[PDB]
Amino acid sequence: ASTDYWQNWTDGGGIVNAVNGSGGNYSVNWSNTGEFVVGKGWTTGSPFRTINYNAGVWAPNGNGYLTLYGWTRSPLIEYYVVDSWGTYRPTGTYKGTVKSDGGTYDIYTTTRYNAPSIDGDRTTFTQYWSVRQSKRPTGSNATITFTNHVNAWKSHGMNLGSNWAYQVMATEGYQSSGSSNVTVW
């Protein structure tokens, strides 16, 4: 599928050189950053979407995530399906696990306080995560069958909102440097 949304958000810290590439392709080259999230995908997310990507470069130097990323409203929820990471593997309150696309992912909830969101600069909101139990190899085509994650989240009382906001395949970083290159479809 063609992507129609370009995500390029930095909290202003350090350098985030994000290149909006041909089609579904993008790169990020980052240096000593605050928090940032860059990626490609769709203006309207869906729990029924299938997301494919190929990460031709995955070279974080420190804390970075290669991750499906998006939001809902009613309620406001920032969510992740993390397939690979740098030095830090993101964890939180353990809920259970889900098998999807040849991987097994731990399921977590965390909360952010006084943090940027789609609806304000100082917001408190829940985060939902599926984090793969081992890093997914990169450089071959990969698929995130997101309905498998949504259903698993539901089966643990993690209910997404009714009003879907954007949904991308992202590189997110904090307090780190590195390079990524990702094609999404």
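For every residue, the number given is its place in the sequence shown, counted from 1.
Of the two stretches examined, 167-175 and 10-18, the record assigns the greater average C-alpha temperature factor to 10-18. Averaged over CA atoms, B-factors in the entry run higher in 97-105 than in the other of 78-86 and 97-105. Of the residues listed, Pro116, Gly64, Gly41, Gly70, the entry assigns the biggest Cα temperature factor to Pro116. Per the deposited record, the Cα B-factor of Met158 falls in the highest third when ranked against the other modelled residues of its chain.
For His149, the recorded CA B-factor ranks within the middle third of the chain. Only modelled residues enter the ranking.
Among the modelled residues of the chain, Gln127 sits in the middle third by CA temperature factor in this PDB entry.
When the modelled residues of the chain are ordered by their C-alpha B factor, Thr143 lands in the lowest third. In the deposited entry, the Cα temperature factor of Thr50 places it in the middle third of its chain's modelled residues.
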